[PDB]
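Asker: After the structure tokens below, expect a handful of questions from me.
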Amino acid sequence: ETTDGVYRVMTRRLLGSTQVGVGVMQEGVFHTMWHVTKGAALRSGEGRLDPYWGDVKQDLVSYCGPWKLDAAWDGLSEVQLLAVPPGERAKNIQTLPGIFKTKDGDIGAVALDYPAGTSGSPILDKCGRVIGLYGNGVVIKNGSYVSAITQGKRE
Amino acid sequence: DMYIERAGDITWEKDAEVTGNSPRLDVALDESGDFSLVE
Ligand SMILES: N#C[C@H](Nc1ccc2c(c1)CNC2)c1cc(Cl)cc2[nH]ncc12
């Protein structure tokens, strides 16, 4: 299946069927976070998806082709996390992002809490465009989770 | 072996559940792609 949309990334290596992450299918390319697949091959029915591009520091990986997602958060508007949690239905959660201030620049950050298996869930702008993926961030004093809006680069 | 299953369309839902705060955090990103907090 190469239909555009959001997909669960599953494994049968552990007890039963376990959801390790999520990814986006766009323009024939599957996009997810590196920590979900570790760059390993993926299966889609009888078909095989081989990795094309990856980077541990950006924590991103693309299958079948180069990274296609290039929309960006405008730094002002609210966004939607299309959370796809393990064993539960896809769900849009609107929020206004915060900021990760780094030595190399500021990045948007969504302060929403989901299981680690939700990694790779897309973050969308008002037009439905994918401005980045959820699943790489930090744990604050509160014990809560805050993820960066991790976006790749389209060549 | 890992596999994928379709979970839905990528669309904006008008009148979705609005939650979450907007924190400004000082962070660092290491060679392993792991974020950490500074102070
Ligand atoms: N799973 C996982 C995620 N962390 C991760 C784990 C390993 C690496 C990175 C991020 C990048 N570098 C390797 C993660 C995702 C969500 Cl959605 C919530 C979470 N809470 N604690 C970890 C956590």
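Count begins at 1; order follows the chain as displayed.
In case you wondered, yes, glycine gets a Cβ from its N, Cα and C as well.
Pulled these features from Swiss-Prot for this protein:
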type	residues	note
ACT_SITE	A:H35	active site, charge relay system
ACT_SITE	A:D59	active site, charge relay system
ACT_SITE	A:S119	active site, charge relay system
Asker: Specify the secondary structure state of A:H35 (active site, charge relay system) as given by DSSP, simplified to three classes.
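Answerer: Note: A:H35 (active site, charge relay system) is helical by DSSP.
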Asker: Which residues of the same chain, at least 6 positions away in sequence, have a Cβ lying under 8 Å from the Cβ of A:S119 (active site, charge relay system)?
Answerer: A:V20, A:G21, A:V22, A:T32, A:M33, A:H35, A:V36, A:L133, A:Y134, A:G135, A:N136
Asker: Let me know the DSSP-derived helix, strand or coil state of A:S119 (active site, charge relay system), please.
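Answerer: The three-state answer is coil.
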Asker: I want to check the contact list for A:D59 (active site, charge relay system): same chain, sequence separation of six or more, C-beta distance under 8 angstroms. What comes out?
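Answerer: Expected: A:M33, A:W34, A:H35, A:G135, A:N136, A:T150.
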Asker: Mind giving me a neighbour count for A:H35 (active site, charge relay system)? Other Cβ atoms within 10 Å of its Cβ, every protein chain shown.
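Answerer: A count of 20.
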